[PDB]
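Chains as they are written, first to last, in my numbering: chain A, 602 to 879; chain B, 6 to 55; chain C, 30 to 79; chain D, 20 to 74; chain E, 6 to 358; chain F, 3 to 156; chain G, -9 to 210; chain H, 48 to 235.
Each residue gets a CB set at the ideal place from its N, CA and C atoms; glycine is no exception.
Beneath this line is the structure, given in structure tokens, with notes to follow.
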Amino acid sequence: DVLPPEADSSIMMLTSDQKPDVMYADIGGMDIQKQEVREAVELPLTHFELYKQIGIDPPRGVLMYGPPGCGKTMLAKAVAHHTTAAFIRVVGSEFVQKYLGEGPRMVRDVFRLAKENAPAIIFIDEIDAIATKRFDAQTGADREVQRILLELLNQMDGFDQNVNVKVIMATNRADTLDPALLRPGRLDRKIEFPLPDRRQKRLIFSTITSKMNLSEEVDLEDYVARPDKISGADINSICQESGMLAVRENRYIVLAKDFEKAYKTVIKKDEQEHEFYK
Amino acid sequence: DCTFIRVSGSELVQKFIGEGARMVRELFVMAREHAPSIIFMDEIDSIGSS
Amino acid sequence: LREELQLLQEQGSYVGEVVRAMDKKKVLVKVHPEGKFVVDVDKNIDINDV
Amino acid sequence: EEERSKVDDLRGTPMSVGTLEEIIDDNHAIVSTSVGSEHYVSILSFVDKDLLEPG
Amino acid sequence: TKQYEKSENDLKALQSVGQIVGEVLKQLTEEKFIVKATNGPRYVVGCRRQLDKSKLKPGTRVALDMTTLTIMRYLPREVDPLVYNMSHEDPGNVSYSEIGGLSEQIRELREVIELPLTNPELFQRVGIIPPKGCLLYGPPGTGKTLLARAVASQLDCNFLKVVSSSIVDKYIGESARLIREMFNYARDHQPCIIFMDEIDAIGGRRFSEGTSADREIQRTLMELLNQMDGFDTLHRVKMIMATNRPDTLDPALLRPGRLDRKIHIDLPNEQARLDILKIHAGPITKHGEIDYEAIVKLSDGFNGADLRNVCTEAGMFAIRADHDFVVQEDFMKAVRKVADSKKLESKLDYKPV
Amino acid sequence: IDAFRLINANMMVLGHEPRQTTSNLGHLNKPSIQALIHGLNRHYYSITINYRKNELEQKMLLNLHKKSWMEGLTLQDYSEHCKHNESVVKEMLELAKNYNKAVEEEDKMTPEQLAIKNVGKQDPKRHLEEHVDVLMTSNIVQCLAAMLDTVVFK
Amino acid sequence: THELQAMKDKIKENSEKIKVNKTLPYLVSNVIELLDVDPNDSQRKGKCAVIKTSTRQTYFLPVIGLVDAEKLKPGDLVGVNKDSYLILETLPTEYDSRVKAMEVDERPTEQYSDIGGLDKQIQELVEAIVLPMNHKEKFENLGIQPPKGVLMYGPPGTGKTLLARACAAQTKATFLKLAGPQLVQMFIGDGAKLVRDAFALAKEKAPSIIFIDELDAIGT
Amino acid sequence: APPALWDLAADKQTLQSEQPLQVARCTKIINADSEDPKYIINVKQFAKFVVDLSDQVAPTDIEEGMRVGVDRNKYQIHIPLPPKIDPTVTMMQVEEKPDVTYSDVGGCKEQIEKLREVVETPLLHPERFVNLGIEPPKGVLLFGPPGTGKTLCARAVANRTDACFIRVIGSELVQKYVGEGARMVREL
Ligand SMILES: Nc1ncnc2c1ncn2[C@@H]1O[C@H](COP(=O)(O)OP(=O)(O)OP(=O)(O)O)[C@@H](O)[C@H]1O
Ligand SMILES: Nc1ncnc2c1ncn2[C@@H]1O[C@H](COP(=O)(O)OP(=O)(O)OP(=O)(O)O)[C@@H](O)[C@H]1O
Ligand SMILES: Nc1ncnc2c1ncn2[C@@H]1O[C@H](COP(=O)(O)OP(=O)(O)OP(=O)(O)O)[C@@H](O)[C@H]1O
């Protein structure tokens, strides 16, 4: 007799009911990334027939890149509170084991619980691990699990079409990803995380200042101007550093002084008088 | 109606065809096995790389 | 099903892959987890069909 | 004649295909097969032992 | 005489063979349980009547019968390498008072480490998240490992030390998943302090794609990175990282979260040099006539380790003079000469930021 | 069950090969049935087992388990199945109605597909038959429902 | 009162029965100590320990039987017989072959009388090695910390190698020949484990002397 | 066919000799000695066995790192094996048979003489140099213009007195997958 389904094996499913951390009200800066992701995730998941009406085949391919800043998993935590679906949280390296015979069953199990519990969303973090090519026998199991990445690449062809799956993907470095993965027909969407900008500066300052105590002396004009001459950044974590320089004290509410201090702490370097060209 | 064959191809064209070699021969042995066949250069067309 | 179970109970049955055939009626058979073997006729299946 | 109906019972029916590792002047040959296995083989038949050579 | 017969009767109980360990996957029904041995094979089997279905739960380490392949007794958890990681011994206490510089660096780490544990209430009021990581690097100067190690023995509580050689694991770089084990028992035994030394070997940048194991290490990162980008609360646990240079750490580890703070070691100031000199003059025997400032002025730019090596060399020069009490004149001899030789061997000491 | 007997090991010099009335010996040693079973032919020999009746208590022992499915008064759970006879049984008949639409519109393509494959080569799909269980459950429904006019009336 | 000899007879007969389970402590396995009690569900209490194998399998067995939990922290090399899965004795120490013992140097044939002109600089070499041995009693009084590593370098010759080795016969301390590039191996983590294993038996053979060459090659 | 007839007809004695020593699998490297009777041994099967030895082999003949045969049933030591390392790289390193005798010299006198006395004379008359020693030199270095590279060695091939010598090609030392050259250079 066969598996019910689905009793696994491994991972497992669920574990996400007592989670996630916070809703999507946190990150309000992007707004151009969410319009892509929301339309590429929750809309195809809610109405499958609406796409068939207009005659457009909704892709399952979601690609993210650009860090820093981090972006990425924050969106997974948001979409977790938007819709009720089954979420897979797995580390790129988590399935690699001592025996290659477990790989194919594992990816198959992920997918078969996905189709049984559909609607469902699967998130693997930084698959660029298994995207690198090697020929040795010791990496021969790594080659087998990248042919397993190709085997799930075949299984998602099994998902074509209609019911069902959702695959979101992120990586710190996209230069190591093989063109077969980014090829259209499987991942049709490439979303790049942009560097924070002025519009995003004021949003990234509002969101951190709501959670932490603020002072009337503290003004965001010079903080959206002077750091905007270079950064860039990471800006949020420097505001967190203003919290961490308030917790260096012995302080009631943070003032302008600690912010100005967090700038000169971490990090800037010059680098260079050679820049005297401009 | 002839078969369509692309050049490398990554990674997995090398493993599927032999272990290791000139790589232009064993592949050509597959094209000899199935004829007619068309060979295509895919792709390495980029500004990278310019 | 009982008798057939008895013949498949001890060793079951393997899955063979022929790497090469020999003129001595013995055919080279390779198993994936295992090494390369070779086994004789096998009269039910003709040699030219292998 | 009778030798063909004799030596066949010794090798068959199943047999494995290994690789030769090294030869000893005692006619014991050290063979290596999948995966990482060794042994002492001494046979006086069909050899051709000098033309084999390890590898 | 009879105690021996007690042991021999114990052998009669040793006639019962052991069992095979296995993890509980799921249960199809009350007569069907899916278990997986550590070896890789899976088995759907039953269970006896002593165990409770609710107490079992999936992902539980249990022992399977040699033949029936069914659960008899269970264990909550086990881990074989960690016991070694909990046996590190740091003297001081006193050694913590003898390190001297850098004072204000110590006053930063004392807080970022100790305060979140003793006063978690102050953080929740302001809304500031306690830093879950910190970076201490050298050797522009020295004292990295010493200072942090002293905190292990000062704060007491729990401490865990990991040598960078445990990541390879030869074939099957599963030690990456041994990081998940590490953080498992870090979530159990919390609070705890974790040290990471020579991270540059295990946190490199995979700039030039090559060889083989270059990639496996990149996969060990993914365990660190994803567990510190969680999906997990590391607030209670603490981690310390050290390197020769922050060149290989990638934008991943130079980013906050994983590494919130960064404290570079600096060359000992002459004022701090007097201090560190003082703590090494204590155990040593000298003449009643002593002047430390001569040494401070003569010794500039040296490492706190190199100062101690110079003091010891001053003493190791006195044994040739065989004298019990040793004047600082002989000291300034050995000091000046040998230390300056250290400057000749000081080539390529300049390290990046 | 099973049964065994220890043969004497010191008899190994004399004839070890009885018995008389070899009938039951032949049926007992069979089937052989693997290897481990045959590994006990030496040093051991089995011995036949046959039930005896004791048919009186066996007769009641059948009727105890069979009557277990039956009710105590016998008019209780059948009339509770008469309370069931209209529940949610009109809704359970809507369950059967969905099985009869959904399985039949895909089993009406099978007579056309038989012309494509020509004819009954493998196959199966499936999605095939399953209407037997639907008819049997509907027949249980109509019979337990026919009990209404018998029970409710007098 | 004479029945004590009867029980003596049964404990010796059972010891002879222990001999058949003591032959032979064939396989090597790794140990994980554990102590737990299992409530039911009349009561059953004790201690049970987890065991590894050399065949990649990991078993579960009651605590040995014979040697108690007085020793030790999770170890290895424990002798256990085939499918019995019982450890009769815990056998030391560590491992393995050339990794256990890099090189066994009895003594070099050369002595310090075969060199000349180094009298000034041979004294600094002889000092760092000889002074810790005999004068420890002096160092405890003077608070002196002995040197450990010494950097000897130059083009041949010099001839540092022969002199450094020759003085090791005069100190009687155990000498372990080690080459730098030996740390490089076909597989990963070998050099790390190798150094740990090197100072292991150095602590067992203490005092001793370990020498390496071409450090510049493996320390770039 | 006659030689193969007698070749295949020796299997009747071969099968009687096939009962012993055919269970000698496999070759295993030893580890440490705890006592005299008992030795810990490792095998490529990955199972490390601690076992005794057969009474037909003197225990004093087994030294740490010696590979020995095993009777898998009893696991006891059967027979030691002198050869250990290495696969085919060694046999490729070995050369045999002479060629290019001394009559192939192109007139070089002092050259060929001074290199003759470094190699051929010490092994031609060993007692001579040991008597009058001092000590023969370690070796030589050849280089310069191409004529005549590498042929002068062929002279030592044909002038080799008894035991053949081994020639080695340079580029085979450096190989992909670093760490192969370490084993390489050591074993030879
Ligand atoms: N509003 C915000 N804008 C940008 N970054 C934020 C914001 N809020 C939190 N973060 C940062 O995002 C981090 C967590 O993001 P995530 O879990 O996606 O990491 P990641 O993107 O996987 O890491 P990396 O990209 O460096 O591998 C936190 O450390 C926090 O500093
Ligand atoms: N502040 C200090 N007080 C006392 N001793 C010190 C101090 N700093 C360094 N030392 C000496 O230096 C030795 C090593 O300490 P530390 O961890 O700083 O070295 P390290 O960081 O490994 O040096 P490097 O980074 O150059 O390898 C100790 O044995 C100690 O005696
Ligand atoms: N200054 C010296 N005094 C005495 N003997 C010397 C001196 N220099 C060289 N020799 C002799 O030269 C011989 C060759 O030694 P060599 O210099 O090659 O060794 P080495 O340089 O120590 O080797 P390595 O380079 O591996 O360290 C030695 O036998 C040594 O006795």
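For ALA732(A) and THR135(H), the gap between their C-alpha atoms comes out near 35 angstroms. With contacts defined by Cβ atoms closer than 9 angstroms, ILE133(E) and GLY670(A) do not form a contacting pair. Inclusion of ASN231(E) and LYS166(E) in the CB contact set at 9 angstroms is not warranted, their separation being larger than that value. Nearest C-alpha to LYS0(G) among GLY64(E), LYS17(E), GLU10(E): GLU10(E).
Residue pairing from DSSP places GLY662(A) in a beta bridge opposite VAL768(A). Scanning chain G for C-beta atoms nearer than 7 angstroms to the C-beta of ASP345(E) yields nothing, as the closest lies near 16 angstroms away. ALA257(E) counts as buried, since no fewer than 16 other beta carbons sit within 10 angstroms of its beta carbon. Of the heavy atoms belonging to ligand 1, at least one sits nearer than 8 angstroms to the Cβ of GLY262(E).
Within the model, the alpha-carbon separation for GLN(-5)(G) versus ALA105(H) is close to 41 angstroms. Taken through DSSP and simplified to helix, strand or coil, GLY217(H) comes out as helix. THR808(A) is outside the set of residues whose beta carbon lies under 9 angstroms from a beta carbon in chain E.
Along the region 25 to 48 of chain F, going in chain order, the ones with a CB nearer than 8 angstroms to a CB of chain C are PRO33, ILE35, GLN36, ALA37. Taking every residue with its beta carbon within less than 6 angstroms of a heavy atom belonging to ligand 2 gives, in chain order, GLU103(E), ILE104(E), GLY105(E), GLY143(E), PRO144(E), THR147(E), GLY148(E), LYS149(E), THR150(E), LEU151(E), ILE281(E), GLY309(E), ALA310(E), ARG313(E).
If only complete runs of 3 or more residues are kept, the region 694 to 719 of chain A shows no beta strand (DSSP E) anywhere. One finds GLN55 in chain E with Cβ atoms closer than 7 angstroms to the Cβ of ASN30(G), taken in chain order. Within chain G, the residues placing a beta-carbon under 7 angstroms from that of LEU16(E) are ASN4, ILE8, ordered along the chain. Neighbours of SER51(B) in chain A, taken as residues at a C-beta separation under 9 angstroms, are lacking, since the least C-beta distance is about 10 angstroms. Counting only Cβ-Cβ distances below 7 angstroms, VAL26(D) has contacts in chain H at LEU55, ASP58, in chain order. At least one heavy atom of ligand 3 is found less than 8 angstroms from the C-beta of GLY107(G). Legend: CB atoms of the region 32 to 45 of chain D lying less than 9 angstroms from CB atoms of chain C belong to residues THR32, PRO33, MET34, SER35, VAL36, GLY37.
Distance from the CA of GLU31(B) to the CA of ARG23(D), rounded to the nearest whole angstrom, comes to 39 angstroms. In this structure, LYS127(F) sits near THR112(F), with a CB-CB distance shorter than 9 angstroms. Boundaries for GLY181(G): no beta strand (DSSP E) harbours it, while the alpha helix (DSSP H) harbouring it runs 180 to 194, taken from the DSSP string.
Residues of the region 259 to 272 of chain E with a C-beta less than 9 angstroms from any C-beta of chain A: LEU259, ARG260, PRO261, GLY262, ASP265, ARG266, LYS267, listed in chain order. In the displayed model, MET94(F) falls within a helix according to three-state DSSP. Note on the region 80 to 142 of chain E: whole alpha helix (DSSP H) runs with a minimum of 4 residues are 87 to 90, 99 to 103, 108 to 123, 126 to 131, in chain order. Interface flag for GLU28(E) against chain G is unset, since no Cβ pair is found closer than 9 angstroms. A heavy atom of ligand 1 is found nearer than 8 angstroms to the CB of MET675(A). A distance criterion of 8 angstroms places the beta-carbon of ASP203(G) in contact range of ligand 3, judged by its closest non-hydrogen atom. The distance from the Cβ of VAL638(A) to that of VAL663(A) is about 7 angstroms, consistent with a contact at the 8 angstroms cut-off.
Fully contained in the region 80 to 158 of chain H are the following beta strand (DSSP E) runs of length 3 or more, in chain order: 86 to 90, 96 to 98, 114 to 117, 124 to 128. For the pair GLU143(H) and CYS200(H), the CB atoms are not nearer than the 9 angstroms cut-off. Contact annotation, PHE712(A) with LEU753(A): C-beta distance approximately 7 angstroms; criterion of less than 8 angstroms satisfied. For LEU141(G), the closest alpha carbon among the candidates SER346(E), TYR297(E), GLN8(E) is that of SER346(E). Any Cβ of chain D closer than 9 angstroms to the Cβ of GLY45(C) would place that residue at the interface, and such an atom is absent.
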